[PDB]
Amino acid sequence: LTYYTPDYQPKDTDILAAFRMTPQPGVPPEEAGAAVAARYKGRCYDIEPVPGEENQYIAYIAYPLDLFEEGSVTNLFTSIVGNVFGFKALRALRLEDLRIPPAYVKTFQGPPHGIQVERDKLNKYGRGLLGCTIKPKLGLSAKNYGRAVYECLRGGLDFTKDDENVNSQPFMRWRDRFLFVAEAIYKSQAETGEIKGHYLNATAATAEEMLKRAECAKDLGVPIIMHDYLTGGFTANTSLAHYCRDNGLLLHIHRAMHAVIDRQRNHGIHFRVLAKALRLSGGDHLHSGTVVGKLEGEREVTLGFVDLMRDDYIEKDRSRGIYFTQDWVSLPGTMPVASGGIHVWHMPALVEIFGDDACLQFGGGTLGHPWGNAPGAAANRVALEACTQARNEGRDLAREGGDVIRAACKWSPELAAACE
Amino acid sequence: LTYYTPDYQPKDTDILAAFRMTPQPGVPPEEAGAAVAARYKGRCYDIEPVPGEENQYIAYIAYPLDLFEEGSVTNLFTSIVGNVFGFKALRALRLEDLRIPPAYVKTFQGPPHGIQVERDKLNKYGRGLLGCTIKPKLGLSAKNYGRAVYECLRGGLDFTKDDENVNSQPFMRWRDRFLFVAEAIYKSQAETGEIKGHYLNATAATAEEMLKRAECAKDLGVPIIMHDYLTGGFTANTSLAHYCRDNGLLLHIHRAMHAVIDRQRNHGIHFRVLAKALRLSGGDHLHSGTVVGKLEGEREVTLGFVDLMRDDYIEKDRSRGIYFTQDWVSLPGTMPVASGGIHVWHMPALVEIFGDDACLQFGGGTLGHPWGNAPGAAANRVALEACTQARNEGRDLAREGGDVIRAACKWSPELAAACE
Amino acid sequence: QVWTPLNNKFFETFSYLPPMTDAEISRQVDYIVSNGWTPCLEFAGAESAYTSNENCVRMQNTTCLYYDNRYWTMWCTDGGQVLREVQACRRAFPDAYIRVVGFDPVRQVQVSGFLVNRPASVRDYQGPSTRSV
Amino acid sequence: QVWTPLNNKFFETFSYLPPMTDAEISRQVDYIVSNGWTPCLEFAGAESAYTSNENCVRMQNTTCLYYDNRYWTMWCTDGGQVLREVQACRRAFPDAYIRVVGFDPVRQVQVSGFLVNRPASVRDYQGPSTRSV
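Residue numbers (the entry's author numbering), protein chains in the order written: chain A, 22 to 59, 79 to 460; chain C, 22 to 59, 79 to 460; chain D, 2 to 76, 83 to 140; chain P, 2 to 76, 83 to 140.
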């Protein structure tokens, strides 16, 4: 096998992939790794069997740096996973991890601002950010959408966001929504005195239309926009990220259509690779998990991709799914956004798991507070601040979250109607 | 006859026309319908005689959807009524109605905002809008035009408008008028606290000049402009409507030269077809009737084209002149504007006939109030609000309009000088 | 007589009629409920009641159709309940204008909006007889 | 109950909790010191405490992410020293909000920022029970 070189030592500039592959019976693992690998040739340098699985192996592939176009996530995905999931010799194939060498990382702009620049621009420190998804999902007029945005933001929420499928429809054209949301953002800012924002959806049919929506957001002076990178495409995302860096706009990224590629354990691309591709292409926030009942998915896997998308240097940790040491050479980090049913008594768990550098999203639209949207937002803000204060005092949140919530509720009438 | 197919069932994508035709003596109706009809061939599928008329028949023509250019009212009118009114075999010919299939409707942008977006932007609900035509028609300087605008708007009127023939003349250039009207609009807004507007005439010789005037209106921040679509042309109107959608401007449409095409019962195009062409091309308001003495024209016909230009789904109703069911598939509606001599005691009738989704225009320039323009505007506003309040209480306006007007006059000194 | 331009502010629908009584407000709310619409209450103090251009300083390109204070603050079965809420809002915020709004639950659009309360403390508005001098 | 929109200003972190006592401030400063960070004190009077768009009039192209009064005025070993400085700042500027800031000395970035003082004289803010009416 010219393409299986177990004695090869990967270079400091090689792009490395870790494939979890299940070959068809009768096909030796070395032959299957050689096929995936097949001066500019990709080579399989390491194959390890998965202990506790049926005929499953991890194949490590090394690609020369000259194979890829500088600063192009599109080309990287075309080269690595263009036509390899269609090999008949493989029953199942799953890309688990990528190693982006610093030499390649330096060719990317990365996220427009990052976590620290975001915190400095918004003047919010020492706590997680809070967001809500305006509900109902669709049918609402731009005026009523703006009213809901203002009501939720004035309560104490830092962000609101358009629904993932809200781009521009007969019921609510995009420019009307942008104008009414801008009025709501400014009203809530004047009322509370804190900087507010709303994830305006710029996702559109053509790059020209998407840039026009970003331009309108820039002309209104609003802080942040939103994009669907897995449906819009890396090419559209990279254009939007370059624009946002040029014009000082924050960029929230929603991972629509992700489960179509990262759900099945045997086939597809693991979300961590999609998260690294997003960080390379550019995004200040990246919807990274759902909290149905509780944070779903293995905690270690979540922590692994959160560290991969946040930290500057992540050492190899197979326990958390890190197959390679990832040096980001000072590329700005991406803030993970945990969305879903974030109930008030579940805030301590998520604050403990994520820390301060994350945005908790109430994608359920809240509305569970009997008093209204604004008091519900206040209750959430009070709960988050109380949990953060308790954690800063040395309390163990996983053991005293209920006590902290009760103690905060003892003095908060808004949280009292929420804790019931 | 290859073009008369009485057994043909029109497709869901066919464009249907209902022609009222009077053939020359000796010409059978089937032959005349075949001629008007004559894979891409128009066909006469239905002919009904008009009971109570002399040799008058209604011919139904079906045109394939592939015949027309997407989003082009110009092409639609070229295809349907390009050269068919010049047939010698027809003594008279009148296009009565059109059926625009949803497939075609979806290719049009439609009105820039529509009625509901207009109400939300202007923050005016539950009542008709009020407007005045600045008088004298011509000769007034831009300064004096602005003074008249400010005086009429401060009284309580929601809109004022340029005269139909006021575009740009030696006596009053257009940019001077735009600036003085902007100052007047802002002064009246500051004084009353309500959002005001003035229909600035953008109708010009070249599309470039028209877009420049629209651009000036956009740069002043004023809310609304005006266009003469039947004299400027559908091509110019569609450009202006696209611009207004792009830049968040309202668009009032005046139907100059309409009677040259929709007055005679035997020849021409019925106003309802022109109203549907305007709604397709784009317009937030459309001058739809005159109130000389009282609302002129058959009430049912007026109600029919008002419903056709307002509602989303209008079922076939031959009593009101609806020859076909019209599905608008969520295209924004157009607000009808009834202008002319709207006297104070005639307000209850028009409020009953039109409802809240209409603009009543005092094209006479008011001035009949002995006190001034501003108190006359107030009297009109008081009368309209009193009629609306009475209608909301369950009163029958057509029977108690005088009582409501008197009761409002009992407490309104401004209306007392108007009711005399 | 001359329409006074001093302290003569207005609030759109029904603002040019004399101040509505409890029975008139009740009848208007009953009309809103009869149509199938939902009534709610908006309120704003004198500092955020009238339209303004305070935030236009942050905008470029155009400010067409943008005005501040179009949104008020939100405060629904029949006229009596809305009247009770009107009294509650009056007691809680005596120096605030109260506005009754209507919302079509099917189209999800605002269909109604009329002022029902003018703070006696604030004097930015005139009375039916003092509107002309 | 209804979140009050009148005199209900807030100052980001820990602003929605009841006013922190000396022991609570001390514990927060000890947390900042434990992480290896440097605590300092910021203060601003009521005229320059809230965000504003006063200087946006001088700008073109865009004003995205620009807000005035984000910077306060600067006023660091343990909680007791920072508490003593808090009392000193209170005495020197009684009508000024005081904010404790944290700075990571290695990354040279701000890592903390919570208000620890609200001037009794100023009434632009509510209390934990008066936040809803």
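Built from N, CA and C at the ideal position, the CB exists for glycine as well.
* Name the residues in the segment 353 to 376 of chain C whose C-beta lies less than 9 Å from a C-beta of chain A; which are they? -> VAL369, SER370, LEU371 and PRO372
* Going along the segment 111 to 128 of chain P in order, which residues come within less than 8 Å of chain A, judged by CB to CB distance? -> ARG114, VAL116, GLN117, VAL118, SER119, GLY120 and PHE121
* **Residues of its chain near A/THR278, where Cβ-Cβ distance is below 7 Å and the 5 sequence neighbours each way are ignored** => Around A/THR278: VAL113, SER321 and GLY322.
* Where C/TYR85 sits in the DSSP three-state scheme -> strand
* Nearest CA to the CA of A/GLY416: which residue from A/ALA456, A/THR428 and A/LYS356? -> A/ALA456
* Going along chain C, which residues have a C-beta under 8 Å from D/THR64? -> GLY261
* To do: Can you check DSSP and say which residues form a bridge with P/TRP4?
  => P/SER139
* Asked: For the alpha helix (DSSP H) that C/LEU437 lies in, which residues bound it at each end?
  -> 437 to 449
* **Which residues DSSP lists as bridging C/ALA418, in chain order** => C/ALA418 is bridged by DSSP to nothing; it lacks a bridge partner.
* Asked: Cβ atoms of A/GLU425 and P/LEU66: under 9 Å apart, would you say?
  -> no
* To do: Quick one: grab the DSSP three-state call for A/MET250.
  => helix
* To do: Pull out every residue of the segment 193 to 218 of chain A whose Cβ sits closer than 8 Å to any Cβ of chain P, in chain order.
  => Here the close residues are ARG194, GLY195 and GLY196.
* Assigned exposure category for C/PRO151 - 16 Cβ within 10 Å defines buried -> buried
* **Residue from D/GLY37, D/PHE100, D/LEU90 and D/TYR68 whose Cα sits closest to the Cα of D/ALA45** => D/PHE100
* Asked: When the Cα of A/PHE117 is compared with those of A/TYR185, A/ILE87, A/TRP411 and A/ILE140, which residue comes out closest?
  -> A/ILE140
* Quick one: does C/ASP160 have its CB under 9 Å from some CB of chain D? -> yes
* **Against chain C: residues of the segment 150 to 184 of chain A by CB proximity under 9 Å** => Result list: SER181, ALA182, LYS183 and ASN184.
* Asked: Taking 9 Å as the CB-CB limit, is D/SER49 close to chain P?
  -> yes
* Beta-carbon of A/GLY412 versus every beta-carbon of chain D: anything under 9 Å? -> yes
* Answer with buried or exposed for D/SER35, where buried requires no fewer than 16 other C-beta atoms within 10 angstroms of its C-beta. => It is exposed - the Cβ of D/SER35 has fewer than 16 other Cβ atoms within 10 Å.
* Asked: What do you reckon, are the CB atoms on A/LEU318 and A/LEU326 nearer than 9 Å?
  -> yes
* To do: For C/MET297, name the three-state secondary structure that DSSP assigns.
  => coil
* **Chain-ordered chain A contacts of P/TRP4 [CB-CB under 7 Å]** => By Cβ distance, chain A contributes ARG194, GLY195, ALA414, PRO415 and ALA418.
* What are the start and end residues of the alpha helix (DSSP H) that includes A/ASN241? -> Run containing A/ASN241: none in the alpha helix (DSSP H); it sits in the beta strand (DSSP E), 237 to 241.
* To do: Could you please give me the residues that DSSP links to A/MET212 through a beta bridge?
  => Looking at the DSSP output, A/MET212 sits in a beta bridge with A/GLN209.
* **Per DSSP, the bridge partner or partners of P/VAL107** => P/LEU42 and P/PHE121
* Backbone CA spacing between C/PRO176 and D/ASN9 [nearest angstrom] -> Each residue's Cα considered, the two are about 28 Å apart.
* What residues in the segment 279 to 303 of chain C bring their beta carbon closer than 7 Å to a beta carbon of chain A? -> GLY288
* To do: Identify the contact partners of A/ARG439 in chain P, using a Cβ-Cβ distance below 8 Å as the criterion.
  => The contacting residues do not exist; A/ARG439 stays about 18 Å from chain P at best.
* To do: Would you mind working out which of C/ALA247, C/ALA245 and C/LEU240 sits nearest C/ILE265, comparing C-alpha positions?
  => Checked all of C/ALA247, C/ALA245 and C/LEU240; the closest Cα to C/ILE265 is C/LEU240.
* Hey, would you say residue 73 of chain A sits closer than 9 Å to A/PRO388, going by beta carbons? -> No atoms of residue 73 of chain A appear, because in chain A residue 59 is followed directly by 79.
* Asked: Which residues in the same chain as D/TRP73 place their Cβ atom closer than 7 Å to its Cβ, once the five residues preceding and following it in sequence are excluded?
  -> Within the same chain, and ignoring the five residues on either side of D/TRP73 in sequence, the residues whose Cβ sits closer than 7 Å to its Cβ are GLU43, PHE44, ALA45 and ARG106.
* To do: Given a cut-off of 9 Å, decide if C/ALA458 and C/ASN432 are closer than it, judged by their beta-carbon atoms.
  => no
* To do: With distances taken Cα to Cα, identify the nearest neighbour of P/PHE110 among P/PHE15, P/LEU7 and P/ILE33.
  => P/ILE33
* **Inter-residue Cα distance where the pair is P/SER16 and P/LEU122** => 6 Å
* Scan the segment 382 to 396 of chain A for residues whose Cβ lies nearer than 8 Å to a Cβ of chain P and list them as they occur along the chain. => Against chain P - using a Cβ distance shorter than 8 Å - the segment 382 to 396 of chain A contributes no residues.
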